[PDB]
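Coordinates in review
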2 protein chains.
Amino acid sequence: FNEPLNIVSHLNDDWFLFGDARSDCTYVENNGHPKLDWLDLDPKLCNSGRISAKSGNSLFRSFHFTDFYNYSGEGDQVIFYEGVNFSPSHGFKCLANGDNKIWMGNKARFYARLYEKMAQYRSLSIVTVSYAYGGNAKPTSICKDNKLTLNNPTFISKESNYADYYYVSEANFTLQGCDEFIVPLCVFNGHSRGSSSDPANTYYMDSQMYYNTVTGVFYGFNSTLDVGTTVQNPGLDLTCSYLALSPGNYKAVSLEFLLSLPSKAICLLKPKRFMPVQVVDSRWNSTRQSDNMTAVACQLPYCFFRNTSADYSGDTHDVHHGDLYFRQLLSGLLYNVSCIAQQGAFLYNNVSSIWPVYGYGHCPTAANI
Amino acid sequence: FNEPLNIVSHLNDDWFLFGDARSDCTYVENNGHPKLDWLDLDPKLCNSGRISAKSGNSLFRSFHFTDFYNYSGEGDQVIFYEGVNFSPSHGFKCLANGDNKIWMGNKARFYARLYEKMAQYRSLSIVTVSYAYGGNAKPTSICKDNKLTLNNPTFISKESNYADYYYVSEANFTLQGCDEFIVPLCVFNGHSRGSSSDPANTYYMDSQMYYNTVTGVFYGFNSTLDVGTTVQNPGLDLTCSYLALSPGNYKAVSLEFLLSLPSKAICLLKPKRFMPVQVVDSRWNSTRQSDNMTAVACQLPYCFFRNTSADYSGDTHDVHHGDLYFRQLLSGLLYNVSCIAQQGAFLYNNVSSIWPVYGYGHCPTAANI
Ligand SMILES: *[C@@H]1O[C@H](CO)[C@@H](O[C@@H]2O[C@H](CO)[C@@H](O)[C@H](O)[C@H]2NC(C)=O)[C@H](O)[C@H]1NC(C)=O
Ligand SMILES: *[C@@H]1O[C@H](CO)[C@@H](O[C@@H]2O[C@H](CO)[C@@H](O)[C@H](O)[C@H]2NC(C)=O)[C@H](O)[C@H]1NC(C)=O
Ligand SMILES: CO[C@]1(C(=O)O)C[C@H](NC(C)=O)[C@@H](NC(C)=O)[C@H]([C@H](O)[C@H](O)CO)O1
Ligand SMILES: CO[C@]1(C(=O)O)C[C@H](NC(C)=O)[C@@H](NC(C)=O)[C@H]([C@H](O)[C@H](O)CO)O1
Ligand SMILES: CO[C@]1(C(=O)O)C[C@H](NC(C)=O)[C@@H](NC(C)=O)[C@H]([C@H](O)[C@H](O)CO)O1
Ligand SMILES: CO[C@]1(C(=O)O)C[C@H](NC(C)=O)[C@@H](NC(C)=O)[C@H]([C@H](O)[C@H](O)CO)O1
Ligand SMILES: *[C@@H]1O[C@H](CO)[C@@H](O)[C@H](O)[C@H]1NC(C)=O
Ligand SMILES: *[C@@H]1O[C@H](CO)[C@@H](O)[C@H](O)[C@H]1NC(C)=O
Ligand SMILES: *[C@@H]1O[C@H](CO)[C@@H](O)[C@H](O)[C@H]1NC(C)=O
Ligand SMILES: *[C@@H]1O[C@H](CO)[C@@H](O)[C@H](O)[C@H]1NC(C)=O
Ligand SMILES: *[C@@H]1O[C@H](CO)[C@@H](O)[C@H](O)[C@H]1NC(C)=O
Ligand SMILES: *[C@@H]1O[C@H](CO)[C@@H](O)[C@H](O)[C@H]1NC(C)=O
Ligand SMILES: *[C@@H]1O[C@H](CO)[C@@H](O)[C@H](O)[C@H]1NC(C)=O
Ligand SMILES: *[C@@H]1O[C@H](CO)[C@@H](O)[C@H](O)[C@H]1NC(C)=O
Ligand SMILES: *[C@@H]1O[C@H](CO)[C@@H](O)[C@H](O)[C@H]1NC(C)=O
Ligand SMILES: *[C@@H]1O[C@H](CO)[C@@H](O)[C@H](O)[C@H]1NC(C)=O
Ligand SMILES: *[C@@H]1O[C@H](CO)[C@@H](O)[C@H](O)[C@H]1NC(C)=O
Ligand SMILES: *[C@@H]1O[C@H](CO)[C@@H](O)[C@H](O)[C@H]1NC(C)=O
Ligand SMILES: *[C@@H]1O[C@H](CO)[C@@H](O)[C@H](O)[C@H]1NC(C)=O
Ligand SMILES: *[C@@H]1O[C@H](CO)[C@@H](O)[C@H](O)[C@H]1NC(C)=O
Ligand code: NA
Ligand code: NA
Ligand SMILES: [Zn+2]
Ligand SMILES: [Zn+2]
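Residues numbered from 1 in each chain as written, not as in the entry; some residues may be left out. Chains lettered and ligands numbered in written order. Heavy atoms only, no water.

The PDB entry lists chain A under the name Hemagglutinin-esterase, with Rat coronavirus as the source organism. Recorded in UniProt under Subunit (unreviewed entry), the annotation for chain A is "Homodimer; disulfide-linked. Forms a complex with the M protein in the pre-Golgi. Associates then with S-M complex to form a ternary complex S-M-HE." Database annotation for chain A, UniProt heading Sequence similarities (unreviewed entry): "Belongs to the influenza type C/coronaviruses hemagglutinin-esterase family." (UniProt positions renumbered as here; feature names shortened; annotations may be inferred.)

Structure representation (structure tokens):
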């Protein structure tokens, strides 16, 4: 009786879900498909006011790239069912001889910070960050490929009067109107190039730091790897850490190569008593390559991870949308449960065959009578 | 039935207590006092092998000062009953016109890091940290008063050939043999002085950073305050942050004033599934001044704080040792409890009048039947 259920759910109506096409009731198509057949989410929840979901997008994608959706929502119990729209299938690298594995590392670090913080705050949104820069140089899109253009962090070009990239540069940015801010601090970790026409032996070791002008605390990232931009010595790409910062005026200081600074932040608002987030595995049908970086990110005590036992097997829309087992996993959002724990959700508050571990809510005992 | 108990306890025999005189069975006195009358700990636990406690000491005191006890112990459920041996009663400042409130801030930040980490590791000890320094200058005891001498971090003197303190200096240190290390990164935040004979208008703005040579990550602290070393402009003292670092070779870089680096670290070993620490309020009889910095440090989800409802009222030894209510609070270490939660310990695993919140162990229900 009352065994843990492999679902995501909620203790009361104070919940919120962040998603992609599989939770996006506003997507439109014109064909002979059944209505809303791309959904894993139950159509009854489309008008709940508790969903922020966009076909083709993810939190990581909107945070870093020009393909932007303003994910926003507030709840005590926060659930995520997204991530797949930045995966190894996309194969993103900043440069021709870059490394998607670095980008998978970035994915894991971003989601780990996000989940940790969303166990402690009710409200999430994505805000623009402005800068003040004393020179005439403008932003440059150093990191992109044929389908995605990175725009966070911003990279400022070299000033015209400088002959090389061995310069110090800086700009200030303001973080205002949120309790905490997640921003990226990144570096090209390796031997960077100014231009293709430069001598083979001239390269740069990118350095970047952010400095709080009031408190005087700074966090920094220097290049240490031997990887580069050529076929002979490949592997250079953009490594990012994700910092949780208090409101204030900040100084971005670059000691070598291009200045970078945040253009977007995750805005965190309204502290709550600690409540773990729930994360649903977000993957393709195995005809495409997926990753487990959200699983790497989802750790105790701040996150509970839920997954099915099968390939993602689309019903009518295509192979990648409308899976029976993910539909059943999400069906727990249709009702309240007594307790949400590591093993799953416990429907009833009284007795179970299994002891809940890391239980939240009104949890049952597994004692006799 | 089975209401939460205001005690510290354990789920099984896999527990450990860090303490001071009130848990130290090895202290000796020669008088007409009853045997072991300074203890709050039950004498039955003196030979348990689960206690690391020293009269006159605390974790913070041994971490920072020459009055050192090698606190060491391992357990799944970790309990702390210490802290009072660095308090406002001691009135410690690095300098004549310093600020004990800065030192209380340091106390809170140290214990917050320690409690957080001891919810995630079984084993704690204090290890020495060595350095490599390319100059001839030796350590100097810049921070002390009439009863305490700070020795962590170490401060290296100016080289003889330098005329002033506007120099860059560095030294490397190795962290080896632990899974993680807590070390202090500190700065004199204000207008520092080279010497009393210097012109009134010459002062220094202390800067310090630690840099991981392999990964290239650095963490830094610059001076920003206007406080100083004189009666006219007082308040300068040593502000410290407490960093959790992985094993490796590190570089301490000082851009101004004296170079500082770790001489001691908290050695963290043996990852465990998340289990909150229990902290007992550590204060004097109110004839002396206490602080609540361990309470500020003890936050959810990593720590449960326990306190009595009375002044600390010593029985026979003196006013500061052997309190009835603290004796009863610690008596929970004599037996196992089913569940340890935010409200207190629940003895039985089946039913209670109260729903456990943030429960660990085999927790009861408050449902009917
Ligand atoms: C991080 O990288 C920067 C940029 O290369 C380093 O700054 C230079 O360091 C070298 C020697 O260490 C000096 O010769 C340069 O004059 C420094 N400044 C500039 C503006 O180039 C910086 O030292 C590195 N950080 C650490 C902690 O080693
Ligand atoms: C932290 O403080 C150090 C030491 O004062 C700063 O280093 C100096 O900065 C000024 C201008 O910002 C330069 O004129 C000096 O030449 C710098 N170097 C040295 C060795 O004095 C450092 O800039 C401060 N950090 C930040 C992020 O502002
Ligand atoms: C090419 O792949 C994507 C896209 O990159 O936008 C992925 C979307 N999937 C998710 C999970 O967000 C997919 N949406 C649906 C309803 O099929 C869309 C959609 O097929 C196209 O925008 C229109 O065909 O395409
Ligand atoms: C496309 O390849 C590269 C190159 O290897 O030359 C990548 C460089 N980026 C890094 C991180 O090493 C890029 N540098 C700048 C400052 O834009 C240069 C540059 O854009 C071009 O060579 C044009 O000068 O191009
Ligand atoms: C002066 O205060 C202290 C000390 O600074 O060491 C505090 C000790 N208290 C704690 C809680 O650790 C106290 N211990 C006992 C058993 O009385 C000792 C002790 O009185 C002296 O070492 C010997 O009298 O003195
Ligand atoms: C005792 O007072 C002070 C002072 O104000 O002169 C404190 C200084 N410390 C700070 C942090 O400002 C100290 N400086 C050094 C480098 O030792 C000097 C110095 O020891 C003496 O003046 C002897 O030169 O003394
Ligand atoms: C996103 O929505 C939030 C909530 O209204 C808002 O504060 C924020 O400025 C928006 N961001 C962008 C980039 O439109
Ligand atoms: C950035 O802030 C610093 C410190 O307050 C200031 O000195 C500097 O002038 C600012 N930068 C710009 C471009 O205004
Ligand atoms: C993610 O996948 C890798 C490679 O298969 C594996 O080593 C790792 O344990 C996985 N992590 C999680 C949390 O599932
Ligand atoms: C989820 O389950 C599928 C099928 O069992 C498996 O391929 C996938 O690796 C699992 N996800 C994670 C993050 O381990
Ligand atoms: C993908 O989805 C289809 C259709 O649901 C399913 O039959 C198949 O098992 C899945 N996997 C692969 C590799 O085709
Ligand atoms: C969930 O509980 C709330 C009260 O906390 C109630 O308003 C709501 O109707 C419940 N939801 C369902 C689907 O029964
Ligand atoms: C709960 O367990 C205790 C200890 O065995 C017992 O005294 C009590 O009767 C039990 N209560 C119920 C409702 O089973
Ligand atoms: C403290 O004890 C531990 C455990 O034996 C040991 O590893 C460490 O080196 C000791 N530290 C000092 C400073 O004696
Ligand atoms: C400290 O390490 C750095 C980087 O590996 C090295 O360049 C430097 O020589 C070392 N310092 C000393 C004093 O050996
Ligand atoms: C500590 O004491 C201060 C001053 O009385 C008070 O403002 C603060 O709330 C206290 N904090 C805790 C956690 O008890
Ligand atoms: C513990 O209780 C005493 C007496 O009620 C009180 O003075 C003290 O401030 C309490 N401790 C904290 C940390 O609040
Ligand atoms: C301190 O301890 C004594 C002796 O136990 C007790 O009577 C008194 O109430 C306590 N407080 C003060 C301020 O003396
Ligand atoms: C606590 O439980 C353990 C078994 O987990 C047992 O060995 C021990 O005797 C118990 N302690 C007491 C004081 O009963
Ligand atoms: C637990 O609660 C459910 C729902 O009311 C009920 O069906 C069941 O009989 C209860 N079990 C016990 C032992 O009270
Ligand atoms: Na840079
Ligand atoms: Na310094
Ligand atoms: Zn369709
Ligand atoms: Zn005595």
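Read on for the rest.
So, the side chain of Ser62(A)
All names here are of chain A. On the secondary structure map, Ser62 appears in helix α1 (residues 59-64). In terms of polar contacts, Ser62 uses its side chain to reach the side chain of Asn57, at 2.7 Å. Those residues in contact with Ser62, other than ones at most four positions away along the chain, are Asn57, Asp67, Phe68, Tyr69, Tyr71, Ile126 and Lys264. (Helix = DSSP H or I, 4+ residues; strand = E, 2+ residues; numbered from the N terminus. Polar contact = N/O pair within 3.5 Å; in protein donor to acceptor, adjacent residues only side chain to side chain. Contact = heavy atoms within 4.5 Å.)

Some points on the site of ligand 11
Residues and elements named next belong to chain A. Lining the immediate environment of ligand 11, one finds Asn285, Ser286, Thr287, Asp311, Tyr312, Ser313, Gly314 and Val319. One of the side-chain nitrogen or oxygen atoms of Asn285 is found 2.3 Å away from an oxygen atom of ligand 11. Between ligand 11 and the protein, one listed contact pairs an oxygen atom with a backbone N or O atom of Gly314 at 2.7 Å. With the chains in place, 52% of the 360 Å² that ligand 11 exposes on its own is no longer accessible. Tallied by class, residues from the shell around ligand 11 come to 2 nonpolar, 5 polar and 1 charged. (Near = heavy atom within 4 Å. Areas by Shrake-Rupley, 256 points an atom, 1.4 Å probe, with all protein chains shown as cover. Nonpolar A, V, L, I, M, F, W, Y, C, P; charged D, E, K, R; others polar.)

Points about the coordination of the zinc ion (ligand 24)
Residue and element names in this part refer to chain B. Note on the zinc ion (ligand 24): its protein donors are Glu29 (OE), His33 (ND1), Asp37 (OD) and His317 (ND1). The metal-donor distances range over 2.1 to 2.5 Å. Relative to the metal, the 4 donor atoms surrounding the zinc ion (ligand 24) lie at angles of 96 to 119°, and the coordination shape comes out tetrahedral. For the zinc ion (ligand 24), all donor residues lie on one chain, and their spacing in sequence is E-x3-H-x3-D-x279-H. (Donors = N, O, S within 2.8 Å, 3.2 Å for Na, K, Ca; no water. Tetrahedral: all angles 85-135°; square planar, octahedral: opposite > 155°, others 65-115°.)

A closer look at the pattern of salt bridges
For the structure shown, the criterion picks out 20 salt bridges over all chains. The partner of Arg113(A) in a salt bridge is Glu116(A), and the shortest N-O contact between them spans 2.8 Å. Residue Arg113(A) and its partner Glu116(A) are located together in helix α2 (residues 100-118), separated by 3 residues, close to a single helical turn. Classification of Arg113(A) as partly exposed rests on a relative accessible area of 26%. Ionic pairing is found between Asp14(B) and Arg122(B), a salt bridge with its closest N-O pair at 2.9 Å. Within this pair, whereas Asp14(B) is found in the segment before β1 (15-19), its partner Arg122(B) is found in strand β5 (residues 121-128), the two being separated by 108 residues in sequence. (Salt bridge = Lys/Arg side-chain N within 4 Å of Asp/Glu carboxyl O. Buried < 20%, exposed > 50% of the residue type's maximum accessible area, 1.4 Å probe, protein only.)

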